[PDB]
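As a starting point, one isolated chain is supplied in C-alpha coordinates, in the form deposited in one PDB entry.
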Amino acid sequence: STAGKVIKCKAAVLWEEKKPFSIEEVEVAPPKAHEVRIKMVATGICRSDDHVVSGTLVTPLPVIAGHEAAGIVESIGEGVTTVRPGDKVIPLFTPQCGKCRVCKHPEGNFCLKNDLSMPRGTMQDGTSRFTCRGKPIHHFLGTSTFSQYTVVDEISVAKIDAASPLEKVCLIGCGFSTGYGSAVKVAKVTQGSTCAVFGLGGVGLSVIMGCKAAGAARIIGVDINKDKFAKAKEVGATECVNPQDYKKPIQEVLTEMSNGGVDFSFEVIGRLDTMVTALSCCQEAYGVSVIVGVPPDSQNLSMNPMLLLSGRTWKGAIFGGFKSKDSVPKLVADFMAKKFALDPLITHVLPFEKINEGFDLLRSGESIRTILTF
(Lines give C-alpha, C1' and ligand atoms only; values in the text may rest on other atoms or scores of the structure.)
Protein backbone atom coordinates (compact mmCIF):
# COMPACT_ATOMS: atom_id res chain seq x y z
CA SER A 1 0.00 0.00 0.00
CA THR A 2 1.20 3.56 -0.91
CA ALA A 3 -1.17 6.12 0.78
CA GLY A 4 0.78 8.58 3.05
CA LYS A 5 4.09 7.18 1.73
CA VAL A 6 6.68 8.37 -0.75
CA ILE A 7 6.35 6.43 -4.02
CA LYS A 8 9.44 5.49 -6.03
CA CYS A 9 8.42 5.18 -9.67
CA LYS A 10 9.56 5.65 -13.23
CA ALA A 11 9.31 9.09 -14.92
CA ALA A 12 10.69 10.88 -18.00
CA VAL A 13 12.91 13.68 -16.67
CA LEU A 14 14.07 16.55 -18.92
CA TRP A 15 17.37 17.70 -17.40
CA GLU A 16 18.21 20.40 -20.00
CA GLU A 17 16.88 21.77 -23.30
CA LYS A 18 17.41 19.94 -26.60
CA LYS A 19 18.23 16.55 -25.00
CA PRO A 20 16.28 13.26 -24.96
CA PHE A 21 14.07 12.58 -21.93
CA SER A 22 15.79 10.42 -19.24
CA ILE A 23 13.59 7.52 -18.12
CA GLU A 24 14.51 6.87 -14.47
CA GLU A 25 13.38 6.47 -10.88
CA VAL A 26 11.90 9.51 -9.14
CA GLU A 27 10.42 9.92 -5.67
CA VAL A 28 6.87 11.26 -5.51
CA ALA A 29 5.82 12.76 -2.19
CA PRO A 30 2.34 12.03 -0.82
CA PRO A 31 -0.30 14.69 -1.41
CA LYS A 32 -0.63 17.61 1.03
CA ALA A 33 -3.93 19.33 1.86
CA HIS A 34 -6.08 19.86 -1.22
CA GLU A 35 -3.75 17.73 -3.38
CA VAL A 36 -4.34 14.51 -5.37
CA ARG A 37 -1.84 11.77 -6.27
CA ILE A 38 -2.66 10.03 -9.57
CA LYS A 39 -1.45 6.76 -11.08
CA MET A 40 -1.04 7.58 -14.83
CA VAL A 41 -2.72 5.27 -17.39
CA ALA A 42 -2.11 7.09 -20.70
CA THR A 43 -0.56 10.36 -21.86
CA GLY A 44 -0.41 12.00 -25.31
CA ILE A 45 2.54 13.73 -26.88
CA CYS A 46 1.46 17.32 -27.62
CA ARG A 47 3.65 19.72 -29.62
CA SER A 48 3.66 21.97 -26.51
CA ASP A 49 5.67 19.29 -24.65
CA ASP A 50 8.19 19.41 -27.54
CA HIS A 51 8.27 23.24 -27.17
CA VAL A 52 9.69 22.67 -23.63
CA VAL A 53 12.46 20.52 -25.17
CA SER A 54 13.19 23.02 -28.00
CA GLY A 55 13.10 26.13 -25.70
CA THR A 56 10.11 27.55 -27.67
CA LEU A 57 8.10 27.40 -24.35
CA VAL A 58 10.16 28.48 -21.31
CA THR A 59 9.47 26.70 -17.99
CA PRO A 60 11.96 25.91 -15.20
CA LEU A 61 14.22 22.87 -15.78
CA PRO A 62 14.83 20.16 -14.79
CA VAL A 63 11.19 19.18 -15.32
CA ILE A 64 8.66 16.38 -15.65
CA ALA A 65 6.68 17.52 -18.72
CA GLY A 66 3.42 16.03 -20.02
CA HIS A 67 0.02 17.66 -19.71
CA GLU A 68 -2.40 15.62 -21.91
CA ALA A 69 -3.28 12.52 -19.85
CA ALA A 70 -5.66 10.36 -17.89
CA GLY A 71 -5.22 8.18 -14.81
CA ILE A 72 -6.65 6.82 -11.58
CA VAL A 73 -6.53 8.51 -8.16
CA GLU A 74 -4.14 6.69 -5.80
CA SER A 75 -4.69 8.99 -2.76
CA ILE A 76 -6.08 12.37 -1.68
CA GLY A 77 -4.82 14.95 0.79
CA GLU A 78 -6.82 16.47 3.61
CA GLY A 79 -9.76 18.53 2.49
CA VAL A 80 -10.23 17.09 -1.05
CA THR A 81 -13.98 16.80 -1.87
CA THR A 82 -14.09 16.43 -5.72
CA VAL A 83 -12.28 13.08 -6.30
CA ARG A 84 -11.67 9.90 -4.31
CA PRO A 85 -9.18 7.01 -4.54
CA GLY A 86 -10.03 4.82 -7.54
CA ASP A 87 -11.67 7.59 -9.60
CA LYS A 88 -10.71 8.05 -13.23
CA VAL A 89 -9.40 11.58 -13.70
CA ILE A 90 -7.93 13.98 -16.25
CA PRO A 91 -5.34 16.47 -14.99
CA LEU A 92 -6.20 20.05 -15.98
CA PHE A 93 -3.23 22.07 -17.30
CA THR A 94 -5.52 25.09 -17.06
CA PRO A 95 -6.95 24.99 -13.54
CA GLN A 96 -10.43 26.05 -12.45
CA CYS A 97 -10.18 27.55 -8.96
CA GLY A 98 -13.86 28.75 -9.14
CA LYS A 99 -12.96 31.85 -7.03
CA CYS A 100 -10.94 34.25 -9.27
CA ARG A 101 -12.48 36.94 -11.47
CA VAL A 102 -11.79 34.80 -14.56
CA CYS A 103 -13.45 31.66 -13.15
CA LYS A 104 -16.50 33.80 -12.18
CA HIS A 105 -16.72 35.41 -15.67
CA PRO A 106 -19.13 33.73 -18.10
CA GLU A 107 -16.54 33.68 -20.95
CA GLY A 108 -13.24 33.42 -19.11
CA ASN A 109 -11.33 30.18 -18.74
CA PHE A 110 -7.65 31.21 -18.16
CA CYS A 111 -7.85 30.90 -14.37
CA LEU A 112 -5.45 33.18 -12.49
CA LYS A 113 -3.96 30.12 -10.72
CA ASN A 114 -2.48 28.90 -14.04
CA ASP A 115 1.27 28.21 -14.35
CA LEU A 116 1.45 29.14 -18.08
CA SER A 117 1.76 33.00 -18.06
CA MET A 118 4.76 33.14 -15.67
CA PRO A 119 5.82 29.54 -15.12
CA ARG A 120 7.13 28.60 -11.63
CA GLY A 121 7.08 24.82 -12.20
CA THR A 122 5.65 24.07 -8.73
CA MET A 123 2.49 23.04 -6.91
CA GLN A 124 0.17 25.89 -5.86
CA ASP A 125 2.12 26.10 -2.54
CA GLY A 126 5.38 26.96 -4.38
CA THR A 127 7.02 23.56 -3.69
CA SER A 128 7.71 20.38 -5.67
CA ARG A 129 6.56 16.82 -4.96
CA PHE A 130 9.32 15.32 -7.17
CA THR A 131 12.93 14.38 -6.53
CA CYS A 132 15.38 12.54 -8.75
CA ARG A 133 18.94 11.58 -7.76
CA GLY A 134 18.51 13.76 -4.66
CA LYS A 135 17.58 16.86 -6.73
CA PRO A 136 14.20 18.62 -6.75
CA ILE A 137 12.43 18.36 -10.17
CA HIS A 138 9.95 20.97 -11.44
CA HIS A 139 6.32 20.37 -12.29
CA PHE A 140 4.89 21.47 -15.68
CA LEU A 141 1.57 23.36 -15.89
CA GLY A 142 0.52 21.82 -12.53
CA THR A 143 0.23 18.44 -14.28
CA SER A 144 3.52 16.59 -15.03
CA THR A 145 2.05 13.53 -16.71
CA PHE A 146 5.27 11.92 -18.03
CA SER A 147 5.49 9.90 -14.78
CA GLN A 148 3.88 6.72 -13.47
CA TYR A 149 2.59 8.90 -10.61
CA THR A 150 2.01 12.64 -10.28
CA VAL A 151 0.60 14.99 -7.63
CA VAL A 152 -1.74 17.80 -8.67
CA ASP A 153 -3.70 20.49 -6.85
CA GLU A 154 -7.42 19.74 -6.57
CA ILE A 155 -8.23 22.73 -8.85
CA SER A 156 -6.09 20.94 -11.55
CA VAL A 157 -8.01 17.64 -11.72
CA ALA A 158 -11.44 16.54 -12.96
CA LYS A 159 -13.30 13.32 -12.18
CA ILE A 160 -14.56 11.56 -15.32
CA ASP A 161 -16.83 8.61 -16.12
CA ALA A 162 -15.68 5.37 -14.38
CA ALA A 163 -16.26 3.47 -17.66
CA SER A 164 -13.95 5.90 -19.66
CA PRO A 165 -11.32 4.41 -22.03
CA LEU A 166 -8.33 6.32 -20.72
CA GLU A 167 -6.10 5.49 -23.72
CA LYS A 168 -8.51 7.59 -25.84
CA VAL A 169 -9.94 10.26 -23.48
CA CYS A 170 -6.49 11.48 -22.45
CA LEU A 171 -6.75 13.64 -25.61
CA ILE A 172 -9.58 15.60 -23.94
CA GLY A 173 -6.82 16.81 -21.57
CA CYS A 174 -5.36 19.01 -24.34
CA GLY A 175 -5.41 18.59 -28.05
CA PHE A 176 -8.99 17.56 -28.86
CA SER A 177 -10.64 20.02 -26.45
CA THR A 178 -8.33 22.84 -27.56
CA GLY A 179 -9.07 22.45 -31.23
CA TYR A 180 -12.74 21.63 -30.97
CA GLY A 181 -13.42 24.48 -28.52
CA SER A 182 -11.38 26.95 -30.59
CA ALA A 183 -13.92 26.34 -33.38
CA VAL A 184 -17.21 25.90 -31.51
CA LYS A 185 -16.70 28.19 -28.49
CA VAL A 186 -13.96 30.76 -29.24
CA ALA A 187 -14.59 31.42 -32.98
CA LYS A 188 -18.28 30.35 -32.79
CA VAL A 189 -18.11 29.02 -36.35
CA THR A 190 -21.48 29.43 -38.12
CA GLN A 191 -23.47 27.14 -40.38
CA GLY A 192 -22.60 27.54 -44.08
CA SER A 193 -19.37 29.43 -43.37
CA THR A 194 -15.89 29.06 -44.93
CA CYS A 195 -13.05 28.23 -42.55
CA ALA A 196 -9.26 28.03 -43.05
CA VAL A 197 -7.17 25.92 -40.65
CA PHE A 198 -3.41 26.46 -40.60
CA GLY A 199 -1.64 23.37 -39.27
CA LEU A 200 -3.07 19.84 -39.60
CA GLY A 201 -1.61 18.18 -36.49
CA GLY A 202 -3.69 16.81 -33.64
CA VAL A 203 -4.95 20.25 -32.62
CA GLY A 204 -5.70 21.43 -36.20
CA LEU A 205 -7.60 18.23 -36.98
CA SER A 206 -9.67 18.87 -33.84
CA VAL A 207 -10.37 22.42 -35.14
CA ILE A 208 -11.61 20.81 -38.40
CA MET A 209 -13.82 18.45 -36.36
CA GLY A 210 -15.34 21.49 -34.60
CA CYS A 211 -15.81 23.47 -37.80
CA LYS A 212 -17.65 20.48 -39.36
CA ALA A 213 -19.76 20.00 -36.17
CA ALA A 214 -20.72 23.72 -36.38
CA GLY A 215 -21.89 23.20 -40.00
CA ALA A 216 -19.20 24.99 -42.00
CA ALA A 217 -19.75 24.59 -45.77
CA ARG A 218 -16.02 24.82 -46.64
CA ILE A 219 -13.01 23.90 -44.49
CA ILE A 220 -9.65 24.60 -46.16
CA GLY A 221 -6.70 22.87 -44.51
CA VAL A 222 -3.32 24.49 -44.91
CA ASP A 223 -0.04 22.62 -44.24
CA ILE A 224 3.47 22.47 -45.73
CA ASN A 225 3.43 18.68 -45.19
CA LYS A 226 1.05 17.24 -47.81
CA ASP A 227 1.12 13.89 -45.97
CA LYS A 228 -1.28 15.54 -43.47
CA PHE A 229 -3.98 16.14 -46.13
CA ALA A 230 -5.64 12.73 -46.34
CA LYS A 231 -6.55 12.64 -42.62
CA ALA A 232 -7.63 16.32 -42.71
CA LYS A 233 -10.15 15.43 -45.46
CA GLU A 234 -11.32 12.32 -43.53
CA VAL A 235 -12.33 14.55 -40.55
CA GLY A 236 -13.99 17.27 -42.64
CA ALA A 237 -11.60 19.36 -44.75
CA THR A 238 -13.17 20.08 -48.15
CA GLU A 239 -9.81 20.95 -49.74
CA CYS A 240 -6.18 21.29 -48.68
CA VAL A 241 -3.48 23.66 -49.84
CA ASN A 242 0.28 23.61 -49.40
CA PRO A 243 1.77 27.13 -49.44
CA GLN A 244 4.99 25.72 -51.02
CA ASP A 245 2.99 24.89 -54.19
CA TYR A 246 2.17 28.57 -54.94
CA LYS A 247 4.12 31.54 -56.33
CA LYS A 248 1.73 33.97 -54.43
CA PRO A 249 1.54 34.32 -50.61
CA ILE A 250 -1.07 31.90 -49.28
CA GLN A 251 -3.20 34.73 -47.76
CA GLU A 252 -3.77 35.93 -51.39
CA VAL A 253 -4.56 32.36 -52.52
CA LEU A 254 -7.08 31.87 -49.68
CA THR A 255 -8.68 35.27 -50.29
CA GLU A 256 -9.14 34.34 -53.97
CA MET A 257 -10.47 30.83 -53.15
CA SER A 258 -13.05 32.31 -50.75
CA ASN A 259 -14.16 35.09 -53.13
CA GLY A 260 -12.83 37.85 -50.84
CA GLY A 261 -11.69 36.18 -47.57
CA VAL A 262 -12.77 33.43 -45.20
CA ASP A 263 -15.31 33.74 -42.38
CA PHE A 264 -13.07 32.07 -39.77
CA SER A 265 -9.33 31.29 -39.77
CA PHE A 266 -7.25 29.42 -37.19
CA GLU A 267 -3.52 29.48 -36.58
CA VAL A 268 -2.65 26.03 -35.21
CA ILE A 269 1.13 25.93 -35.72
CA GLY A 270 2.93 28.48 -33.54
CA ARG A 271 4.66 30.79 -36.06
CA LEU A 272 4.49 34.57 -36.06
CA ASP A 273 4.27 34.69 -39.90
CA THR A 274 1.29 32.27 -40.07
CA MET A 275 -0.51 34.22 -37.31
CA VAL A 276 -0.42 37.34 -39.53
CA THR A 277 -1.26 35.30 -42.70
CA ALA A 278 -4.22 33.68 -40.93
CA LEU A 279 -5.53 37.10 -39.82
CA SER A 280 -5.06 38.56 -43.31
CA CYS A 281 -6.96 35.71 -45.11
CA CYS A 282 -10.19 36.29 -43.14
CA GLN A 283 -12.67 38.75 -44.71
CA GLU A 284 -11.59 42.28 -43.88
CA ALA A 285 -14.99 43.55 -42.64
CA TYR A 286 -16.39 40.61 -40.65
CA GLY A 287 -13.74 37.87 -40.56
CA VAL A 288 -12.57 36.26 -37.30
CA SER A 289 -9.08 34.77 -36.74
CA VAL A 290 -8.18 32.65 -33.72
CA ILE A 291 -4.60 32.04 -32.59
CA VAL A 292 -4.18 28.56 -31.10
CA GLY A 293 -0.47 27.92 -31.72
CA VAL A 294 1.98 28.71 -28.87
CA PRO A 295 4.38 31.43 -30.12
CA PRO A 296 8.17 31.27 -29.63
CA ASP A 297 9.34 32.73 -26.34
CA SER A 298 9.55 36.56 -26.15
CA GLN A 299 9.15 37.17 -29.94
CA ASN A 300 6.86 39.89 -31.29
CA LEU A 301 4.99 39.83 -34.60
CA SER A 302 4.68 42.81 -36.98
CA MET A 303 1.30 43.73 -38.48
CA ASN A 304 -0.59 46.56 -40.08
CA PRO A 305 -3.50 47.65 -37.78
CA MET A 306 -5.60 48.51 -40.88
CA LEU A 307 -6.25 44.74 -40.94
CA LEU A 308 -8.29 45.28 -37.74
CA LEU A 309 -9.70 48.77 -38.46
CA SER A 310 -11.67 47.46 -41.44
CA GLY A 311 -13.58 45.15 -39.05
CA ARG A 312 -11.65 41.92 -38.44
CA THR A 313 -11.65 40.26 -35.04
CA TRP A 314 -8.45 38.66 -33.75
CA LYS A 315 -8.41 36.55 -30.63
CA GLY A 316 -6.63 33.64 -29.04
CA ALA A 317 -7.39 31.09 -26.37
CA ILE A 318 -5.98 28.42 -24.12
CA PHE A 319 -7.69 25.02 -23.98
CA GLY A 320 -10.41 25.95 -26.54
CA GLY A 321 -11.95 28.50 -24.15
CA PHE A 322 -13.33 25.70 -21.96
CA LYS A 323 -13.65 26.21 -18.21
CA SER A 324 -11.60 23.14 -17.52
CA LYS A 325 -13.13 21.36 -14.52
CA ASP A 326 -16.74 22.04 -15.62
CA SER A 327 -16.02 21.04 -19.21
CA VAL A 328 -13.72 17.98 -19.16
CA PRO A 329 -16.27 15.60 -17.56
CA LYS A 330 -18.96 16.73 -20.02
CA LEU A 331 -16.61 16.25 -22.99
CA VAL A 332 -15.85 12.71 -21.76
CA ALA A 333 -19.62 12.03 -21.39
CA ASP A 334 -20.14 13.40 -24.92
CA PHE A 335 -17.41 11.08 -26.25
CA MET A 336 -19.05 8.09 -24.45
CA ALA A 337 -22.34 9.16 -26.13
CA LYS A 338 -20.57 9.09 -29.60
CA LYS A 339 -20.90 12.89 -30.10
CA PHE A 340 -17.33 13.08 -31.56
CA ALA A 341 -14.47 10.73 -32.45
CA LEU A 342 -10.94 10.56 -31.02
CA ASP A 343 -9.49 7.61 -33.00
CA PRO A 344 -8.74 9.80 -36.08
CA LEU A 345 -6.17 11.70 -33.98
CA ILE A 346 -4.34 8.58 -32.74
CA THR A 347 -1.68 7.32 -35.18
CA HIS A 348 0.64 5.46 -32.75
CA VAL A 349 0.29 3.75 -29.36
CA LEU A 350 3.61 3.04 -27.55
CA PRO A 351 4.67 1.98 -24.08
CA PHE A 352 5.75 4.94 -21.90
CA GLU A 353 9.36 3.65 -22.02
CA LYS A 354 9.35 4.63 -25.81
CA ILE A 355 8.69 8.36 -25.07
CA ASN A 356 11.76 9.50 -27.10
CA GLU A 357 10.66 7.40 -30.12
CA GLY A 358 7.22 9.08 -29.74
CA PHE A 359 8.80 12.54 -29.88
CA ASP A 360 10.93 11.51 -32.89
CA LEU A 361 7.67 10.48 -34.67
CA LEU A 362 6.20 13.92 -34.02
CA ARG A 363 9.34 15.82 -35.04
CA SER A 364 9.70 13.79 -38.30
CA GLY A 365 6.14 14.70 -39.40
CA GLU A 366 5.12 11.00 -39.20
CA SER A 367 2.53 11.10 -36.30
CA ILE A 368 -0.51 13.02 -35.20
CA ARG A 369 -0.91 11.83 -31.59
CA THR A 370 1.14 9.09 -30.05
CA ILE A 371 -0.47 7.80 -26.89
CA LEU A 372 2.01 6.49 -24.32
CA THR A 373 0.68 3.73 -22.08
CA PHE A 374 1.99 3.08 -18.55
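Heads up: residue numbers just count along the shown sequence, starting at 1. Rigid core (definition): largest C-alpha set, two forms, superposition within 1.5 Å.
Note that the form deposited in another entry isn't included here; everything after this is about it.
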Overlay on the rigid core first, then point out the one of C97, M209, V253, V80 whose CA is displaced 2 Å or more between the shown form and the other one.
-> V253
Taking the rigid core as the superposition reference, indicate whether the CA of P243 shifts 2 angstroms or more between the shown form and the other one.
-> yes
With both forms fit on the core, is the shift of the CA atom of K226 between the shown form and the other one 2 Å or larger?
-> yes
Fitting the rigid core first, would the Cα of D125 be found 2 Å or more away between the shown form and the other one?
-> no
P296 and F93, C-alpha gap in the other entry relative to this structure (3 Å or more) | closer
Did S206 and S298 drift closer or farther in the other entry, going by a CA distance change of 3 angstroms or more?
-> closer
